[PDB]
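For reference, the structure discussed in these notes is given below.
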Amino acid sequence: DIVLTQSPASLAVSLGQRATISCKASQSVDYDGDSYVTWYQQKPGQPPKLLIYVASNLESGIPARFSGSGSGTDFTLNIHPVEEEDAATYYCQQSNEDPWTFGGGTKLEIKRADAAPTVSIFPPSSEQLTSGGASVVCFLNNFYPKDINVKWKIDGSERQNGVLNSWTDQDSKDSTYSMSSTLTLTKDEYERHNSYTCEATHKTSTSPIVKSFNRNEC
Amino acid sequence: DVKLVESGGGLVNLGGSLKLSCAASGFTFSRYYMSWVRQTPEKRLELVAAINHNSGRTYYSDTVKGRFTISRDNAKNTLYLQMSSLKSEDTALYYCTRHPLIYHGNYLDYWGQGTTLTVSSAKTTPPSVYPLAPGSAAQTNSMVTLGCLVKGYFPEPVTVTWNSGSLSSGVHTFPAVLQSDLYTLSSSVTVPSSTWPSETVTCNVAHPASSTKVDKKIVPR
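These protein sequence lines are chains L and H, in that order. No gaps in the numbering here: position 60 of the first sequence is 60 in the entry's author numbering, and each next residue is one more. No gaps in the numbering here: position 187 of the second sequence is 187 in the entry's author numbering, and each next residue is one more.
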């Protein structure tokens with residue numbers, strides 16, 4: 001088999017700038033005037049599209065901002081200038097030897113300005129407590145640098161068991177990221193404490209963004 | 001225009017079996033090489049199997065050789081993947097793929113939408129859909145955020161809508177995370193504050209494997 005390793009795994013490039021994605025092959029793939037390497041673009045929830053074939057042939061319809069090159073064991077994809085809708089995971093595929101092999105793919109993050117998350121916190125619904133469960137939900141929406149930190153504090157005591165976090169794919173419209181963090185525990189556990197606090201730290205603030213409610217207050 | 005639409009996927013047990021289908025249109029199907037390629041939960045792609053225009057030649061990856069069978073009917077413009085002795089590792093989204101003619105175009109010219117395969121002992125389970133509303137001492141700015149918590153379902157996927165589409169531009173639906181053996185995800189929406197009291201906001205939640213569908217109006221506290 002021909003292992004196809006793609007570095008880096010993610011790359012962040014600003015609108016206008018150049019992105020370059022590498023595809024290194026464990027053995028040579030160049031069958032004479034043709035190196036059989038394909039590039040594919042996949043937007044999340046979308047099916048991949050053919051970008052470039054036989055190393056450097058632009059497939060019909062794709063913008064000239066996408067180009068391909070390379071020989072032997074080293075291959076390369078370039079996009080330049082990068083524009084909004086290039087947010088995607090790009091793949092390289094070998095096809096000179098069976099089995100046809102793919103690279104693990106490289107995500108292209110669009111680089112925009114810093115933006116701080118909008119944080120919101122949500123008590124367990126009556127309807128969940130009724131079933132004997134309690135989840136507290138916190139939303140960190142529309143932020144940039146993907147990098148963040150969430151602290152979940154209970155009565156001013158950091159807690160971490162029962163916390164489930166998810167990240168959305170970069171936003172097509174505004175290129176921001178978003179995350180949810182959900183603390184789960186049983187109803188009885190929920191009922192032994194007063195203050196539930198979601199704290200967010202982001203490189204755009206030294207002051208954490210702190211959002212809380214009291215189970216006892218109103 | 002070339003179009004490939006695949007089907008027949010869903011949950012199946014270990015050792016189990018299931019046949020996938022891919023329906024083709026917009027091109028002379030009998031001329032083309034055809035393949036199945038699968039994408040794992042962790043986004044790696046792998047060609048499981050391929051077949052030529054006349055069924056004279058078939059290829060299988062070594063991990064599926066002897067368990068899978070690829071076929072085609074040129075009259076019906078359909079391709080098939082017969083799977084058996086299913087392993088957990090087979091769990092993926094399966095695309096069917098067209099090859100261009102004669103090393104002309106790219107070695108995979110066109111892909112379908114994928115159909116999902118889940119091999120697992122765990123059982124099909126619908127979700128609980130809890131409403132996420134702010135406490136009565138809520139965040140009174142120009143906009144307010146609301147949500148639904150879709151918890152304890154299996155397998156993927158779920159779909160979440162808000163007022164049946166009308167609120168699309170302020171919705172974030174977060175990818176699911178797996179716990180004991182159950183997926184939980186969430187979904188937020190933002191709406192002008194001056195709207196939430198007096199106006200309905202409703203998350204529409206469907207889970208196709210269980211034919212579930214529930215709509216939860218978000219009610220203040």
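We put the CB at the ideal spot given by N, CA and C, even for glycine.
- When the five nearest sequence neighbours on each side are left out, the beta carbons in the same chain lying within less than 6 Å of the beta carbon of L185(H) are those of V150, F174, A176, in order along the chain.
- Selection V54(L), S22(L), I62(L) evaluated against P100(H) yields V54(L) as nearest (Cα-Cα).
- The alpha helix (DSSP H) runs lying completely inside the stretch 90 to 135 of chain L and spanning 4 residues or more are 126 to 129, given in chain order.
- Less than 8 Å divides the Cβ of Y90(L) from the Cβ of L108(L).
- Leaving aside the five residues that flank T40(H) on each side, the residues in its chain whose CB is nearer than 8 Å to its CB run, in chain order, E46, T91, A92.
- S172(L) is positioned such that its CB atom lies no closer than 8 Å to that of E83(L).
- Less than 8 Å divides the Cβ of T202(H) from the Cβ of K217(H).
- Between the C-alpha atoms of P99(L) and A50(H) there is a straight-line separation of about 10 Å.
- The alpha carbon of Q82(H) has as its nearest neighbour, out of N106(H), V2(H), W36(H), the alpha carbon of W36(H).
- When Cβ-Cβ separations below 8 Å define contact, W111(H) makes contact with chain L.
- Neighbours of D147(L) across chain H, judged by C-beta separation under 8 Å, do not exist; the nearest C-beta is about 17 Å away.
- For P126(H) and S211(H), the gap between their C-alpha atoms comes out near 8 Å.
- Taking 8 Å as the cut-off, the Cβ atoms of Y80(H) and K19(H) count as close.
- Straight-line spacing of the CA atoms in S175(L) and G15(H) works out to 43 Å.
- Here the C-alpha atom of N52(H) lies approximately 55 Å from the C-alpha atom of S120(L).
- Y33(H) and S205(L) have their C-alpha atoms spaced approximately 55 Å apart.
- Across the set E156(H), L146(H), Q179(H), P155(H), the C-alpha of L146(H) shows the shortest separation from the C-alpha of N163(H).
- Looking at the backbone, the Cα of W167(L) and that of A209(H) are separated by about 24 Å.
- In terms of Cβ geometry, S142(H) and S193(H) form a close pair [threshold 8 Å].
- Interface annotation, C218(L): in contact with chain H, CB-CB separation under 8 Å.
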